[PDB]
Amino acid sequence: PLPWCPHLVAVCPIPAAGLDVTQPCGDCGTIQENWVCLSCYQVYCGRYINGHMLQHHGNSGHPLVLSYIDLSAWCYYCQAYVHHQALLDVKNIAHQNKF
Ligand SMILES: CNC(=O)Cn1c(CCC(=O)O)nc2ccccc2c1=O
Ligand SMILES: [Zn+2]
Ligand SMILES: [Zn+2]
Ligand SMILES: [Zn+2]
């Protein structure tokens, strides 16, 4: 992945409730291929399901989303995966909830 991107500044603190990697899409309710927004921690489906996270990006501008399938982080602006020290806490919390 990219080792940095200029949107990591928009990654917000993890809610104290933690993450729920089985949370369904906030729009369509699908259990499949959901992502969590690393700005506001809403959960929406991937582009191969109904594209609600892509829609969320379009109407919020929020840059970085984490996959509940493989804990990769995508930046919609950079059109790339990004991994940095600043993402370890949220990935670690997701990994603990998933496994
Ligand atoms: C399996 N990983 C992905 O699909 C990564 N990804 C993603 C991930 C986030 C998503 O599916 O909304 N979004 C894109 C949006 C427009 C264009 C490309 C992409 C993109 O390649
Ligand atoms: Zn959806
Ligand atoms: Zn968001
Ligand atoms: Zn970026």
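Chain A residue numbers are taken from Swiss-Prot; in order, the displayed residues are 1109-1207.
The header says X-ray crystallography, 1.5 Å.
Each residue, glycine too, has its Cβ placed from N, Cα and C.
According to Swiss-Prot, the protein has these features:
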- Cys1113, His1115, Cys1183, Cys1186: Zn(2+) 1 binding site (BINDING)
- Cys1133, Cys1136, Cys1153, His1160: Zn(2+) 2 binding site (BINDING)
- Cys1145, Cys1148, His1164, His1170: Zn(2+) 3 binding site (BINDING)
- 1182-1189: region 'Ubiquitin binding' (REGION)
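Mapped onto this structure are the features recorded in Swiss-Prot.
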residue : record                : contacts (Cβ under 8 Å, 6+ apart)
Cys1113 : Zn(2+) 1 binding site : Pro1171, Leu1172, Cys1183, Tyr1185, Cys1186, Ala1188, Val1190, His1192
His1115 : Zn(2+) 1 binding site : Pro1171, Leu1172, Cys1183, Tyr1185, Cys1186, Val1190
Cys1136 : Zn(2+) 2 binding site : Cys1153, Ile1157, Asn1158, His1160
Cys1145 : Zn(2+) 3 binding site : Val1151, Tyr1152, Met1161, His1164, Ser1168, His1170, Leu1172, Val1173
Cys1148 : Zn(2+) 3 binding site : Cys1120, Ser1168, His1170
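Closeness to ligand 3 is met by none of the binding-site residues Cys1113, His1115, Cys1133, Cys1153, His1160, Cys1186, no Cβ falling under 6 Å from the molecule.
According to DSSP, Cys1186 (Zn(2+) 1 binding site) is assigned to coil rather than to any helix or strand. In this structure, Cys1113 (Zn(2+) 1 binding site) belongs to neither helix nor strand by DSSP; it is coil. Compute the center of the Cβ atoms of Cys1133, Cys1136, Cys1153, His1160, which mark the site for Zn(2+) 2; besides them, the chain residues with Cβ within 8 Å of that center are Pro1132, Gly1134, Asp1135, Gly1137, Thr1138, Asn1142, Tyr1152, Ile1157, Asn1158, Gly1159, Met1161. By the criterion of other Cβ atoms within 10 Å of the residue's own Cβ, the least surrounded of the binding-site residues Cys1133, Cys1153, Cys1183, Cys1186 is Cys1186. Checking the binding-site residues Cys1133, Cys1136, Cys1153, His1160, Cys1186 for a CB within less than 6 Å of any atom of ligand 2 leaves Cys1133, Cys1136, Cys1153, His1160, listed in sequence order.
Listed binding-site residues: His1164, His1170. The one with the lowest count of other Cβ atoms within 10 Å of its Cβ is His1170. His1160 (Zn(2+) 2 binding site) falls within a helix when secondary structure is assigned with DSSP. Among the binding-site residues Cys1113, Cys1153, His1170, the residues whose Cβ lies under 6 Å from any atom of ligand 4 are, in sequence order, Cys1113. Around the Cβ of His1160 (Zn(2+) 2 binding site), a 10 Å sphere holds 21 further Cβ atoms from the protein chains shown.
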